[PDB]
Each structure stands twice: as C-alpha cells, then as structure tokens.
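So you can see what is in the structure, the chains are spelled out below.
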Amino acid sequence: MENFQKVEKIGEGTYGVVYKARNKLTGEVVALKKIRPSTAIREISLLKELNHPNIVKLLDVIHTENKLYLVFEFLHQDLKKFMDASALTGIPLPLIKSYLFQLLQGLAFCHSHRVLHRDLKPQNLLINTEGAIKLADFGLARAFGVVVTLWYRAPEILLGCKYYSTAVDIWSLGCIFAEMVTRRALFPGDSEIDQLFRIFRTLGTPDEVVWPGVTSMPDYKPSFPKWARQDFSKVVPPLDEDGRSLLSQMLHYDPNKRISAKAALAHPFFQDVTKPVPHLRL
Ligand SMILES: COc1cccc(C(=O)c2sc(Nc3ccccc3)nc2N)c1
C-alpha cells in the first residue's frame with residue numbers, strides 16, 4: 001500500500017488479518033494489524049505510550065481512508081509455535097521460569113497503568129532469539145470489545161460477570177504456565193459451558209465458601225454438577241512444589257484471592273530465575 005509493503009500474511013488476529021510488512025520509508029519490518037469509534041482511536045492512541053521490555057511496542061495507530069491499522073514491532077516467533085516445536089522434549093524448566101517471570105513483569109507494568117489484556121493466549125505471547133518474551137495486544141479489548149479460543153478464559157468471564165479485573169490476566173497466564181510445563185492445554189474447552197465444566201472438574205465446582213458471590217453471578221446455575229477438587233500434584237506433575245504453589249495462587253476462583261502479578265514476582269519459585277537462550281528455528 002501507500003506506506004507499506006505486505007511481506008506475508010502472518011495470520012488471523014482477534015480483530016482482523018495481521019501481516020508481516022515493511023515500511024517503505026524506513027525499511028523496518030513490523031506486524032501490521034488491520035482492524036475489522038472515535039473513542040477507540042483515543043484509547044488505543046494512549047497505548048502507544050506504553051513502553052516496557054515485556055510488552056510488544058505499538059509503533060503507530062493509522063486511521064486513513066477510513067480504515068484502522070495498528071503497527072507493532074515485529075517479533076521472531078509466537079509461544080504457540082514454540083511450544084509445538086518443543087513438544088517432543090518440552091521447553092526446559094529454566095526457560096519456562098524465565099518466560100513466566102518476564103510475562104508477570106509485563107503484566108505488573110500494564111496493570112500498574114490500569115491496562116488489562118483480557119485475552120492472553122500463546123498466540124499473542126511473542127519471543128525473540130535473545131530469550132525475551134513479550135505480550136501483544138494489551139488494552140485492545142477495552143478499546144474495542146467483541147473460531148475464538150476459550151482455553152485461557154477466567155471463570156468469572158465464563159460466568160457472565162461484566163466487570164473485568166487484572167485477575168483475568170493472571171488466570172490466563174496461569175493456564176499458559178501449566179501448558180508449558182505439561183505440554184498440553186490445561187482446560188481445552190470447545191464451548192463456553194465445556195470450558196467452564198472442564199475447570200470445575202479439575203479445581204472443583206466453586207461454591208460460596210471458596211468464592212463468595214459466585215452463586216449470584218449472571219450465568220451461574222444451581223444445577224451445575226458438583227465435582228470435587230482434584231489434587232494439584234496430578235494437574236501439572238513435573239512441576240515442583242514452588243511452581244505448584246504459585247500456579248494454585250494464579251488459579252484461585254475468586255478474582256480477589258488470585259495473586260497479583262506484582263506479588264507473584266516475589267514468589268519463591270523465582271528465587272533462582274535466569275534468562276536462558278531459546279533454540280528458535282526461524
Ligand atoms: C495472527 O497474528 C497475530 C496474533 C496475535 C499477535 C500478533 C503480533 O503482534 C505479532 S506476530 C509477530 N511475528 C511472528 C513471526 C513469525 C511467526 C508468528 C508471528 N510479531 C508480532 N508483533 C500477530
């Protein structure tokens with residue numbers, strides 16, 4: 001187009017097609033996302049001012065010929081592909097730990113700036129050859145808002161709560177952490193109810209004891225089956241107790257009891273964190 005050269009279609013994003021493109025003027029390659037409101041323009045534009053090592057930079061918001069494009073710094077590979085590529089032997093624990101640590105740093109930053117992601121998934125976690133991992137698309141959900149993956153959706157969202165909190169991002173990261181460790185999605189639901197019951201079958205059907213206010217949620221039904229909680233040691237076996245304790249805190253039903261990114265960074269699991277180099281096949 002006028003100021004870009006579409007190198008390739010890197011895929012279908014939440015709001016539209018995403019292409020690997022090259023800016024004709026600078027020659028820089030970026031991830032150009034076509035969006036499929038004047039308030040959205042204002043909000044999104046504010047996001048350009050979010051700089052952190054673990055957040056994919058939003059270089060530009062382009063509103064021309066009545067189309068909306070978001071220009072992002074280009075990263076080497078997404079975690080989804082990396083996990084698939086590492087499925088035979090699994091991502092080494094030190095690297096899993098480094099990634100979780102960095103992602104929490106990115107979340108702690110966004111959240112301290114009152115920005116939520118709401119749709120964290122391996123597809124929007126990007127890595128580079130130097131061992132960094134970054135979160136892409138923070139704050140787009142709020143600015144915009146509505147086959148979609150439900151695997152990383154927090155239970156409060158599934159139960160129809162209309163007010164999101166920073167806790168939904170911790171839940172999603174918890175699901176991703178488990179998946180890196182076991183090499184299998186933690187809650188692979190095929191529908192909203194299947195997603196919810198898969199969570200219930202593992203963590204136990206929530207009640208007013210563990211989640212005060214749950215029985216009054218919009219889509220909660222007294223007729224939900226009552227499953228008992230499974231022992232955590234069976235959920236992510238290869239993980240040591242520090243990792244399991246941290247994961248359990250990231251998967252608390254009550255958003256208010258769920259650990260914050262900031263507090264998670266101080267968890268004992270990270271006492272020996274390092275920054276390994278991943279073996280990336282580009
Ligand atoms: C469907 O497309 C998506 C979905 C969610 C996030 C992004 C995104 O921001 C990206 S992808 C990317 N490089 C990349 C290089 C090789 C393989 C896959 C992605 N770099 C950025 N910045 C793209």
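Rules behind the numbers
Residues numbered from 1 in each chain as written, not as in the entry; some residues may be left out. Heavy atoms only, no water. UniProt positions renumbered as here; feature names shortened; annotations may be inferred. Helix = DSSP H or I, 4+ residues; strand = E, 2+ residues; numbered from the N terminus. Buried < 20%, exposed > 50% of the residue type's maximum accessible area, 1.4 Å probe, protein only. Contact = heavy atoms within 4.5 Å. Near = heavy atom within 4 Å. Polar contact = N/O pair within 3.5 Å; in protein donor to acceptor, adjacent residues only side chain to side chain. Areas by Shrake-Rupley, 256 points an atom, 1.4 Å probe, with all protein chains shown as cover. Nonpolar A, V, L, I, M, F, W, Y, C, P; charged D, E, K, R; others polar. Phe/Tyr/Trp six-rings, centres within 6.5 Å; stacked < 30°, edge-to-face > 60°. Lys NZ or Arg CZ within 6 Å of the ring centre and 35° of its normal.

Method of determination for the deposited model, per the PDB record: X-ray crystallography, at 1.90 Å resolution.

The protein chain goes by Cyclin-dependent kinase 2 in the PDB entry, where it is assigned to Homo sapiens. Per the PDB header, the title for this entry is "CDK2 in complex with inhibitor RC-2-12".

A. Region of interest: the UniProt feature "active site" in the protein chain. What UniProt calls "active site" maps, in this numbering, to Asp 119. In this fold, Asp 119 is placed in the loop between α3 (93-112) and β7 (125-127). A relative accessible area of 14% places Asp 119 in the buried class. Once you skip the residues sitting within four places of it in the chain, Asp 119 turns out to touch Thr 14, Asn 124, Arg 153 and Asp 169.

B. Looking closely at the site of the ligand. The immediate surroundings of the ligand are formed by 18 residues, with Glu 12, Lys 33, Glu 73, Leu 75 and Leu 126 found nearest. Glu 73 has a polar backbone atom sitting 2.9 Å from a nitrogen atom of the ligand. Note that a nitrogen atom of the ligand is positioned 2.7 Å from one of the backbone N or O atoms of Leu 75. Expressed as a share of its isolated accessible area of 540 Å², the protein-covered part of the ligand is 90%. Counting only elements with at least two residues in the shell around the ligand, the list comes to β1 (4-12) and β3 (29-35). Residue classes in the shell around the ligand are distributed as seven nonpolar, five polar and six charged.

C. Broad picture of the packing of aromatic side chains. Within the structure shown, the criterion is met by 14 aromatic pairs. Ring geometry for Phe 200 against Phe 224: centres 5.6 Å apart, planes inclined by 65°, an arrangement best described as edge-to-face. In this pair, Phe 200 sits in helix α7 (residues 192-203) while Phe 224 sits in the loop between α7 and α8 (232-235), placing the two residues 24 residues apart along the sequence. The pair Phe 200 / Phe 224 is uniform in exposure class, with both members buried. Here a set of aromatic residues connected by ring pairs shows up, and it is made of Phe 197, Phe 200, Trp 211, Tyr 220, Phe 224, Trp 227 and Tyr 253. Sitting above the plane of the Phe 72 ring, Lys 33 keeps its charged end 4.2 Å from the centroid. Just above the ring of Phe 269 sits the side chain of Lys 97; from NZ or CZ to the centre is 4.2 Å.

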